[PDB]
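One chain follows as structure tokens, the form deposited in one PDB entry.
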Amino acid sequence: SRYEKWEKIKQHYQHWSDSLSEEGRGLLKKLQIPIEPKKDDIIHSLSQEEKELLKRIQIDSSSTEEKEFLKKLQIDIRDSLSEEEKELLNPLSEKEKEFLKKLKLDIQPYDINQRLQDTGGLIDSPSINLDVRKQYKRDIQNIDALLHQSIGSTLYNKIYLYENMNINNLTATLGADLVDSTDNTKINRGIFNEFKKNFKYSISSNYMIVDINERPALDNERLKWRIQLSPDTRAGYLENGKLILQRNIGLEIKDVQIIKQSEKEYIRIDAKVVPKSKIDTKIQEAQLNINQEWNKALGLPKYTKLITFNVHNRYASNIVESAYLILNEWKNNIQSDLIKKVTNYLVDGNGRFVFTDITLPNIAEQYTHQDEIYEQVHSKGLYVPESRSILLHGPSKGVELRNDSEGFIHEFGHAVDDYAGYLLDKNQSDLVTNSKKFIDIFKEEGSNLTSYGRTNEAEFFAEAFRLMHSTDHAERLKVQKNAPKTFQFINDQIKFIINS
């Protein structure tokens, strides 16, 4: 019985609940309901030239919510003028982006669970204001102290706990086409099998909030987790039949099936709570294995640390399994000599291929070279010349690209750009796209390739490189055709690098 099971759990935690102080309850409430920014106070703090700038700016050219909040911000600023003006109003200026980069630090909500997920538990990551960073730390530590009572040896194997979830949260890449296009009540059997094949374990770095009784799905809640706790899993009762689980727990995926609820298809994920260290072990074992493979394959020292698994979140095992596929497509589409030469260069600078489910501003390969948070970047992928590293963020959705394999190759094009400029002058060590020859090439052919390739010389080069190494024959030819100077320039650098 649903209501019986509910009361039985509430009872188990009744003394715990009644013992909560005023600050303890408010802390638990603040966690469930994050404190949103005050858009009135934000707008008030802007100069009226910045308001006009924020009024007419196309904000999506830069999170979706950040753009949605800014659009919520813009709409609130725009609701004082004409109807005709608003209907009319419906890359960036370097004045515009430079403005948004500083505005991003003022619109961040105080969200404990989000701070944990983004950092993967590494809350000392210098990606937010120090004072706020210390505030999260106090709350998190205090919540840890609150969640001290375990589920117990009696209840752990007599109950199931449930969690409805949006697919895009795990990976927005597969979430785009896991629902059948022809029939949205159906799940694409193809993607499901791959999804199921690579999900063997999961990690929760924040506080999971689960339902005692299964709640009917909302709009984009196509994932329905069924969780069995372990006897010493620490938790707390929340009002309206919910449990808050301790942070830093591991989940073994026991079964992934397609089920039917109300003539619509959902994915059920059965998972059992295990020690997080047990899963961290499997991750570290996988990290050492993939490095052993690629050290031999690349002609590198046996113990070279090149590939990093910075994995802390709910779709952990796929981040691991995707890195294998990504590097394989990378190996297949790029000359082995171009690869070895450039990779050895990265290793000289103690570089890494970082595959992670935490946000890039919280990746040490970035923030140790980027002190200003307004210069810190989150995106699907990145190349950081200061650390000679490629960073790839699994969960997020990427701009204009299909899979992550194309994303990595694009990032590798950045390393090629780097290495080309180094060989050109080993004392200056600048990017070859900063050379005047390529600059003029960009001024001409810079608008022929992909939309994002129009951003700058470095980006144009990377996009060009990616398309020149695509599996699609047509897109290789488009570069050779629409950007012949760029096409030849890269082949020049590739020849240059190999013959070193």
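Heads up, when I say rigid core I mean the largest set of C-alphas that superpose within 1.5 Å between the two forms. All residue numbers refer to positions in the sequence shown, first residue = 1.
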Handout entry: Coordinates absent for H410 in a third or more of other entries
Key = no
Handout entry: Entries skipping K134: at least a third of other ones
Key = no
Handout entry: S181-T182 interval: deposited residues absent from the model
Key = none
Practice task
Note how many residues of the deposited chain are left out of the model between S62 and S63; the options are none, 1 to 3, 4 to 9, and 10 or more.
Solution key: 1 to 3
Problem - Residue range whose averaged C-alpha B-factor is higher in the record, 423 to 431 or 318 to 326 - result: 423 to 431
Practice task
Between 219 to 227 and 256 to 264, name whichever shows the higher mean Cα B factor according to the PDB entry.
Solution key: 256 to 264
Problem - Which of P109, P395, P91, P126 ranks first by CA B-factor in the deposited coordinates - result: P91
Practice task
Return the residue from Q32, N456, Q48, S451 that has the highest Cα B-factor in the entry.
Solution key: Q48
Practice task
Ordered by C-alpha B-factor within the chain, which third holds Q480? Give me lowest, middle or highest, please.
Solution key: highest
Handout entry: Among modelled residues of the same chain, the CA temperature factor third for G175
Key = highest
Handout entry: Position of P301 among the chain's modelled residues by C-alpha B-factor, lowest, middle or highest third
Key = highest
Exercise for the section: Would you mind ranking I42 by its C-alpha B-factor against the rest of the chain and naming the third, lowest, middle or highest? Expected result: highest
Practice task
Just say lowest, middle or highest third for the CA B-factor of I283 relative to the other modelled residues in its chain.
Solution key: middle
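The same protein also exists as the form deposited in another entry; that form is not shown, yet it is the one meant from here on.
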Handout entry: Moved residue between the shown form and the other one - picked from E263, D131, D425, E84, where its Cα shifts 2 angstroms or more relative to the rigid core
Key = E84
Problem - Core superposition between the shown form and the other one, C-alpha change of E36 at least 2 Å - result: no
